[PDB]
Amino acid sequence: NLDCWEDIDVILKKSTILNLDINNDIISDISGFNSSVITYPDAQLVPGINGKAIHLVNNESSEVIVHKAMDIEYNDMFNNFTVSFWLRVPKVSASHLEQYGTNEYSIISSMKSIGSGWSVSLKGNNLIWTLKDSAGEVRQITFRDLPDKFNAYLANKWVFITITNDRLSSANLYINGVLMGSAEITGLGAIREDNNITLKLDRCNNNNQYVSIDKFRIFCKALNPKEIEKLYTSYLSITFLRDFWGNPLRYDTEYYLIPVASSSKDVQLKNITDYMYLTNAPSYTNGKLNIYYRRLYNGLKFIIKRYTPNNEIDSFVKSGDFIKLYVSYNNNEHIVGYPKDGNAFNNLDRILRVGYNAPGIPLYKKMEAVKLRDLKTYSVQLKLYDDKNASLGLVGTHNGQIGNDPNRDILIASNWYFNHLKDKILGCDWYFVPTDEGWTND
C-alpha cells in the first residue's frame, strides 16, 4: 500500500495535504502545511457551495497558483493521492461545440519540457484526467458527459469531482460520489510535476469560456467510495437553501419553478385570482451533436419575499425562513396563497391561487422555505400556514379538474407529503431556476 498515515472523518482530515479555503475574501491553504497561494488580478470570487468560490475567465491575469510547501512538494511522485473539488462549467452552446469541440484546455494542472505531472482538462463536453511520468508515459480517464443537458454534470450546475490514484492499481474519476470513469495506472514511473499547482484556463481558444472551482483539495491516499461519499455530503450544509444551479437561493429574485418529480414540466397560470398547473416545457434536440434538453425560462416567474425582517436583510434564503411567494405576471406581482374555504380536492389538497382578492375572505399566504429531504438535490419544499399557524401542507400538485377545464396537475398545498418524506421521488420537491449566462437555450 502506498497511502499515508477507524473514523472516516478523522481519516479525511489527517490525509489532507492541501485545502483551499476562502475567508475574508482571501484564498489560502488551511491544511496545516501552509502552502502559499498566489492570487492574480483577474481571478474572481463568486457564490460557492459553502461560501465563495474561485472563478476563472479566459485571460492571462485570471489564475490562482499554489506553491507546494516543502513538506508535500513530492507527495505524488511515487505514492497515492486524491484530488477533489467542486466544479461548475457553463452549458456549451451548439455553436461552441462545433467550433471548439476538439479544443482541449486544462483548468487545473501540476504539469510544467515533457510536462510530467497531472492535469484536469475539458474538451467539448468531456472532463479529462491526465497523469504523465518522467518518461513521458501517459494514462487518462475521459468522461463523456450525459447527452441530456438537464441532467448533465458539465451543464452549469455545481458538481463534486473526486479523482483517486492508486499507483498499485488504477485511477478513478467520481462525480457527486458516483464512479464515472477509471484507468489502470500501473507501469508509470515517477511523477515529477511542477513545484506549482496552477488553476487557470490553459490553451482554451474560446475567449468567452469560464469555469468555477471550489474547495480544491489533495489527499495523500486513494480515497475509497465510502470516504468519498462522506467527503461529498460533508459540503452539503443543509442550512442555506440553493437554486437549480447549486448557488444560494436569494430573496427578491425571479425564479422559474420546476417540480423535481416531473422535470419536463413548467408551471403556468389559469388567470389572476385563479389556479396554477403544469404544462410540457418545449425542448431542444441536436442529433448531429447528440445533445438535447428540456428548454428553460418558460413558465411563471416567482419571487420570494421576507415574511418579516431577517437577520440583517441577508440576501440568501435560509431553511426555516418564513416567506411570501409572489408570481411576477405582466409586470405586476401577485401573492400566492390559499383562501379560507377555497376549492380543494376532497378537502385535503388545497388549490393554490394567484392574486386572489375576494373581499372579506382571509387569504393564507405565510410560507416556510425548508429542506426536509433529498440532500444531494438542489431542490426546496414550501410549507403553507393558515392564520392559526397550523400547517396547510407542502406545495405540490394534484391531478384532476376544476369546472369544465381539461384534466390537469394543479398546484396545491397538502399535508399528505409529510407522511412520505422518505420516498425517492416526491411531488413536493421544487427546483428554483434563475436565468443565468451559464445556460442559454439553442
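From 1 onward, residues are counted along the sequence shown. Throughout, rigid core stands for the largest set of C-alpha atoms superposing within 1.5 Å between the two forms.
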property	result
Core-fitted comparison in 6 other deposited structures of this protein, 310-318 vs 226-234, farther C-alphas	310-318
Rigid core superposition result in 6 other deposited structures of this protein, more deviant of 71-79, 147-155 by Cα	71-79
Missing from the model but present in the deposited sequence, between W5 and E6	4 to 9
Deposited but uncoordinated residues in the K112/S113 interval	4 to 9
Mean temperature factor over C-alpha atoms, higher-scoring stretch between 377-385 and 33-41	33-41
Higher-B stretch (mean Cα B-factor, as the entry records it), 61-69 or 406-414	61-69
Candidate residues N80, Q268, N156, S106, the one whose C-alpha B factor the record puts highest	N80
Peak C-alpha temperature factor (PDB record), options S170, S212, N247, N176	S170
Third of chain Cα B-factors occupied by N205	middle
B-factor third for the C-alpha atom of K371 within its chain	middle
Third of the chain, ranked by Cα B-factor, where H96 sits	middle
Third of the chain, ranked by Cα B-factor, where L426 sits	lowest
Chain-relative CA temperature factor third for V433	lowest
